[PDB]
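# An overview of the molecular structure
Here is what each chain is made of, one letter per residue.
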2 protein chains.
Amino acid sequence: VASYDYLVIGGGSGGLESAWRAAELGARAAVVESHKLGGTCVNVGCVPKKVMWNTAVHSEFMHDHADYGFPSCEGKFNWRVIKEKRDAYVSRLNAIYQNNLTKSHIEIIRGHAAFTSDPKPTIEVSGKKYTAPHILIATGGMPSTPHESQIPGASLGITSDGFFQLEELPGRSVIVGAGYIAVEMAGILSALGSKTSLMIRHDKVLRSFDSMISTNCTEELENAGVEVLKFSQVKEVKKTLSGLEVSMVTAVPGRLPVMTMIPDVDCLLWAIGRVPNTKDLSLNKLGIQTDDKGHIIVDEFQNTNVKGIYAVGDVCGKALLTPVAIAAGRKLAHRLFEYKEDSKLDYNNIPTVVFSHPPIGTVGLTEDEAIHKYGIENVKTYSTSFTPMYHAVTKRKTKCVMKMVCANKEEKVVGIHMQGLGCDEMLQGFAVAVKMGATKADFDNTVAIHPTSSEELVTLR
Amino acid sequence: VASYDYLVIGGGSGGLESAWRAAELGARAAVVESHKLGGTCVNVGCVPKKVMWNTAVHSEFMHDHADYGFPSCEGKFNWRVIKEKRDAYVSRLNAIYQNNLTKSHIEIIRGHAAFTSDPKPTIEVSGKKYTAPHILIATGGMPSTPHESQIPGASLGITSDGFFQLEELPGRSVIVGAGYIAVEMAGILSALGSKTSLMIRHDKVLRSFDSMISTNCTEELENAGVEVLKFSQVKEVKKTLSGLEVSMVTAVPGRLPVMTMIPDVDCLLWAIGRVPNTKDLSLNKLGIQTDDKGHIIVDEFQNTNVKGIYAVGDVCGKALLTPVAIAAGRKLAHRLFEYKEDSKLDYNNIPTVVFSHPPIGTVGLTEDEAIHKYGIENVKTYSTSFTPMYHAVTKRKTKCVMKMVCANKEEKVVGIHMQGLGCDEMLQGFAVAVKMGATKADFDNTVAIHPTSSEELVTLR
Ligand SMILES: Cc1cc2nc3c(=O)[nH]c(=O)nc-3n(C[C@H](O)[C@H](O)[C@H](O)COP(=O)(O)OP(=O)(O)OC[C@H]3O[C@@H](n4cnc5c(N)ncnc54)[C@H](O)[C@@H]3O)c2cc1C
Ligand SMILES: Cc1cc2nc3c(=O)[nH]c(=O)nc-3n(C[C@H](O)[C@H](O)[C@H](O)COP(=O)(O)OP(=O)(O)OC[C@H]3O[C@@H](n4cnc5c(N)ncnc54)[C@H](O)[C@@H]3O)c2cc1C
Ligand SMILES: N[C@@H](CCC(=O)N[C@H]1CSSC[C@H](NC(=O)CC[C@H](N)C(=O)O)C(=O)NCC(=O)NCCCNCCCCNC(=O)CNC1=O)C(=O)O
Ligand SMILES: N[C@@H](CCC(=O)N[C@H]1CSSC[C@H](NC(=O)CC[C@H](N)C(=O)O)C(=O)NCC(=O)NCCCNCCCCNC(=O)CNC1=O)C(=O)O
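Residues numbered from 1 in each chain as written, not as in the entry; some residues may be left out. Chains lettered and ligands numbered in written order. Heavy atoms only, no water.

Per the deposited record, the coordinates in this entry were obtained by X-ray crystallography to a resolution of 2.50 Å.

In the nomenclature of the PDB entry, chain A corresponds to GLUTATHIONE REDUCTASE from the organism Homo sapiens. What UniProt states about chain A under its Subunit heading is, verbatim, "Homodimer; disulfide-linked." As recorded by UniProt, the Sequence similarities comment attached to chain A reads in full: "Belongs to the class-I pyridine nucleotide-disulfide oxidoreductase family." (UniProt positions renumbered as here; feature names shortened; annotations may be inferred.)

Dropping the structure here:
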C-alpha cells in the first residue's frame, strides 16, 4: 500500500482545488480520476453550457440588427460548427489541467476508487492499494433519470450529457424540469431554433428562487418562444416512426386531468435532478454514513462520521455549484495541512447566476426566508422594473427587475435578486458587499455609474 | 421680485436633483432652464453616446457571427436610422423630465439667468427678478475649442455636440484628444465604419488612468482599426474641395519634427476639453470667486465665497460626471432643507466607466497615487490578464486586464482597475465594497460566480 498525505477521490472542481492547495502547503497528494479531469463543470457543465449560451445570445442580438441600422441576416445556424469548436475548447482545458497537476507534483492515479475492508481507511484502484492519513471523497454527482418502471419509455430521452453530444439541433425539443438546468436548456435550444416545450410540474420555474424571479422567469420564457406546459407530467414515452410520442397529463388544480400527446418530438431531455456518485465507492465497508438518496453526510468542516475521511461538493448534496465545491476544498486543505482548526466554508450569501435570457443573478435570502427569519415587521424590500436602454430602439423587448430584501432597522441588505441584461457580470461585487455586511445606507452612499443597469441597485427607493 | 426657498440655475444633472430633493423636503423651488431640460447628459452626453455605443457594439459582434455558426452579414450600416431613433429617445426623455418637475411642484423659469447688482443675491430672467435665501448655480460646462489665433482653421471642425447632429457617417474621421470622450468618439466611428485617426499629444491615451489601463487602451484601439497618431499636433486646418486638409506636426522626442498632411478628412472632431459655463452669469456683480479658467470655487459643502450661493457639477471643474453632480445636489438639499450640517459628497472612490471597446471601469486610486500616499513599501498590487471565454471560438480577439491596488498590511483594497467585456456592468458592486472599506481578505472570502469575467476579481493571487 502506497502512503501519501492526501488521497483525493475525484478530479473535478472540489477534488483538484483541495489537492492543489494541499501540495502547495507541502503535502504529497494524488488525485484519483476515473475519467476526464476537470469533472462535470469542464466536460459537461459550466464550460460547454456557457459556450452554447454565448451562441444563443448571438442569435438573439441578430434580431435587433435591422433595428440598429444594419441589414438583416436570415440566420441558418449551423450546429456542428459551434459543436466542434466547443469540444475543442474542452480538450484544451483538459491538457491545461493535466499539466497544472503534474506541474504541482500531483500524482494522478488513473482509475476507479473503492474503499477496502482494511481497518485503517484504504482504497483499491485497479488491484492496487493506496491510503493516507487524509482521504477526500469528491466524486460529485450525475443525472437523475426515470424508471421504465415509473415512466415507460424513460430511457428513450437524453440528459444534459446527451445534450452535449448532440451533433444536430433537434427540430422539436421537449424539456422536463423547472430548475436552472431545465431553464437554460430550454433557452439555448429555442434561441437556436428548436421548437421547445418546457414541461413543469407547477405554474412556474425556479420556484425556490425569490417569487419575483420565479415569476419573471416563467414570463420571459413564454415571451421568447418557449412553451411552458404547466401542471403537466410525462406519463409514457414511445418511439414512433416520425420521432417520439410523449403522453403527458395536465392536472391544472380546479380542473379535470387531461391526457395529451406531443408527437414528432426529436429530443426529450430529462432535467429533473442530480443523483450522488457514491455506490461504487463501497462506502458500506467503513460505515461512512449517507442519507436516503446516497448523499454523503458531513459536518460544517466536511467531516464524514469516520476519522480521516471528508466529503465536498455535489456528492454531499448541498449547494451544487463549482465555486462552492472549490471553496470547500480550498478551506479544507488549510484546515488539515495549514492547521487552521476553523477554516470551513460559510454556506450563506453564496452567489448564483442562472444563464436564462435575460440572465438571473441572486445572492442571499429570498423575501420569504428573510420574513421567516426576522418576522414580517422587520423586513423591508425595494424593487424596480425597467427597460434596459439597449431596448430603447428595438422592437424586441426584455425587461430588468431588481429586488432588495432588507432586515431590521439598519436595513441590513440580506438578499439581492435580479434578472436582466448584464445581471451575469453584475452580481459578484454586490455579493462581496452583501458578504461584508452592507446595509442599504452603504449602497446609497456609493456614487453611481451612468448609464448602466447596475446603477439601479444603488439608487433604489 | 418673487421669492422662493430655492432658486436653482440650470436644469441639468445636478440642478434638477437638488431641486427635486428640496421640493420633497417641503421647500419651494424653481429650476431656471435656458434650453432643454436634462442638461448635457440627456441631450448631448450620457444618453446619445450610449445609444451610439450600443450600436458600435453591434457591428463588432456581427464580425463573430460566422465564428458562432451563422452566415455572415455584409453590413451596410445606415446612420440616419439609428440617428433618428436616438433623437426620438431624447425627446421622450425631455417630456418625462418636464412632467416629473411639474409633478413635484417645481416651477420652471424658462430662460437665461444672470445675477443683478442688488445687494442680497438676486437674478434677472428675461427682465424679471427672482431671489431666494438659497441659489444653486449648476450651469455645467461646454466644449473647449481652439482659436483661429492659435490653430488657423480650428472653427472648421466640430465637437461632441456637432457629432450628435451628424446625419451621415463621415468616411474619414480625425479625432484630437486623449480622454474618455476622444477615446469613445474614436471607438464608435471606427466600429461603425469611418477610417478613424486618434491624434494624441503623447504616446498613450487616458494618461491619468492607471498605467495598465492607459497602456491597454492605447493597444486595443490600434488592434481595432483606430490609427493612433502620437506626439502629433494640429498646426492648421484648411477646407479643400475634397474635404479638409489637416497640417499636423509629429515631434516624437529623440527625433526631428515632421510635418504631415491628412487630406480628404470628412470630420475633424475636437475632443480637447470642457470649459465652464460661467461668464454670462455676471458673477462679478457679487464677487463670487472663480479660478483662472472660470470654474466656480466652492468648499467641501459646495459653498461659494458668498452666503446663500453654492455650486455643483461640471461648473466647478471637479469630477465631471452626472452621478457626481447628482450626488452633490442631493446632499446639498439635505444640508440646507433637512438641516443636516454635514451632508457633503465624498470625492474619493468615485466609480467611472469609459465606454471604449472593451469597456474600462475604474474606482479608487491608481498604483502611483497609492504609492505616493502610502509609500512603495506599503502598496501591493495584484493583476491578471485573460481572454474572456466569449473569444474561445472567435478569430477576433480582445482581452481583459484587471489590477487591484492594496494598501498597508491588511491590504485595504484602495483601487480597482480593469478593462474588458462586461466591465461596464461589473464595476458598481465592487465600488460599493471598495467604498465600505473592503480588504483583499473580504474579496477572497466571497464565493465566485463561474463562469464570468467578474469572478477573476475575487480569485486574484
Ligand atoms: C449542466 C450542467 C450545468 C452546470 N453549470 C454550472 C455553472 O455554470 N457553474 C457552476 O455552477 N456549476 C455548474 N454546474 C455544477 C458544477 O458542474 C458542479 O456542481 C461541480 O462540477 C461539482 O464539483 P465536484 O467536485 O463535487 O464534482 P465533479 O466535478 O462532478 O467531479 C467528480 C469527478 O470524480 C470522478 N470520479 C467519480 N467517482 C470516482 C471514483 N470512484 N474514482 C475515481 N474518480 C471518480 C468523476 O469522474 C469526475 O471526473 C453544472 C452542472 C451541469 C450539470
Ligand atoms: C459627450 C459627452 C459624454 C458624456 N458621457 C457621460 C456618461 O456617460 N456619464 C456621465 O458620465 N457623465 C457623462 N458626461 C458628463 C455629464 O454629461 C456631465 O458631467 C453632467 O451632464 C453635468 O451636470 P451639471 O448639472 O453640472 O450640468 P449640465 O447637465 O451640463 O447642465 C446645465 C444646464 O443648465 C443650463 N444653463 C446654463 N446656464 C444657464 C443660465 N444662465 N440660465 C439658465 N439655464 C442655464 C444649461 O443649458 C443646461 O440645460 C458626458 C459629457 C459629454 C459631453
Ligand atoms: N440605469 C438604467 C435604466 C435606465 C436609465 O438610466 N434611465 C435614466 C436615463 S435619463 S439620463 C439623465 C440622468 N438620469 C439618471 O441618472 C437616472 C438614474 C436615477 N434613476 C436618478 O435618480 O437619477 C440624470 O442626469 N439624472 C439627474 C436627476 O435630475 N435625477 C432625479 C431623480 C431620478 N428620476 C426619477 C426616476 C425615474 C425617472 N426616469 C427618467 O427620467 C428616465 N430615465 C432615466 O432617468 C440604464 O442605464 O439603462
Ligand atoms: N473567469 C473568466 C476567465 C476564464 C475562466 O473562468 N477560466 C476557467 C474555466 S475552466 S472550468 C473549471 C473551473 N475553473 C475555475 O473555477 C476557474 C476560476 C479560478 N481561476 C480557479 O482558481 O478555479 C474549476 O472547476 N476549477 C477548480 C480548480 O481545480 N481550480 C484550481 C485553481 C485554478 N487554476 C489556476 C488558474 C489558471 C488555470 N486556468 C485554467 O485551467 C483554464 N480556465 C479556467 O480555469 C471567464 O469565465 O471567462
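Moving on, we get to the sheet that holds strand β2 (residues 6–9) of chain B. Residue and element names in this part refer to chain B. Pairing within the open sheet is parallel, and its 5 strands lie in the order β4-β3-β2-β7-β17. The open sheet terminates on both sides in strands that have one partner only, identified here as β4 (107–110) and β17 (309–311). Taken pair by pair, the neighbouring strands of this sheet meet at an average axis angle of 20°, ignoring direction. With respect to the sheet, helix α1 (residues 13–23) is in contact with β2, β3 (29–33) and β7 (135–137), its orientation differing from that of β2 by roughly 165°. (Pairing = 2+ DSSP bridges. Helix = DSSP H or I, 4+ residues; strand = E, 2+ residues; numbered from the N terminus. Axes fitted to C-alpha atoms, helices over the stretch in contact; angles between N-to-C directions. Contact = heavy atoms within 4.5 Å.)

Bringing the site of ligand 3 into the picture now. Around ligand 3, the structure places 19 residues, and the nearest of them are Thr452, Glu455 and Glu456 of chain A together with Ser13 and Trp20 of chain B. Residue neighbours of ligand 3 fall on chains A and B, so the site bridges chains. Contacts to ligand 3 include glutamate 455 of chain A, whose side-chain N or O atom sits 2.9 Å from a nitrogen atom. Side-chain polar atom of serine 13 of chain B to an oxygen atom of ligand 3: 3.0 Å apart, as the coordinates give it. (Near = heavy atom within 4 Å. Polar contact = N/O pair within 3.5 Å; in protein donor to acceptor, adjacent residues only side chain to side chain.)

Attention shifts here to the state of the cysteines. This structure, assessed with the given rule, holds 3 disulfides over all chains. The disulfide bridge from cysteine 73 of chain A ends at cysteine 73 of chain B, spanning 2.4 Å between sulfur atoms. Taking the sign of the S-S torsion, 100° for the link of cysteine 73 of chain A and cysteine 73 of chain B, the bridge is right-handed. With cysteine 73 of chain A in the loop between α3 (46–62) and α4 (79–103) and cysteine 73 of chain B in the loop between α3 (46–62) and α4 (79–103), this pair bridges two chains. (Disulfide = S-S within 2.5 Å.)

A few words now on the interface of chain A and chain B. With 78 residues of chain A at the contact, the number on the chain B side is 78 residues. Buried area between chain A and chain B, summed over both chains or domains, comes out near 6500 Å², and the portion from carbon and sulfur atoms is 66%. The interface formed by chain A and chain B contains 4 salt bridges. For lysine 85 of chain A, the salt bridge identified is with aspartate 67 of chain B, shortest N-O distance 3.9 Å. (Buried area = accessible area lost by both parts, 1.4 Å probe. Salt bridge = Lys/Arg side-chain N within 4 Å of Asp/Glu carboxyl O.)

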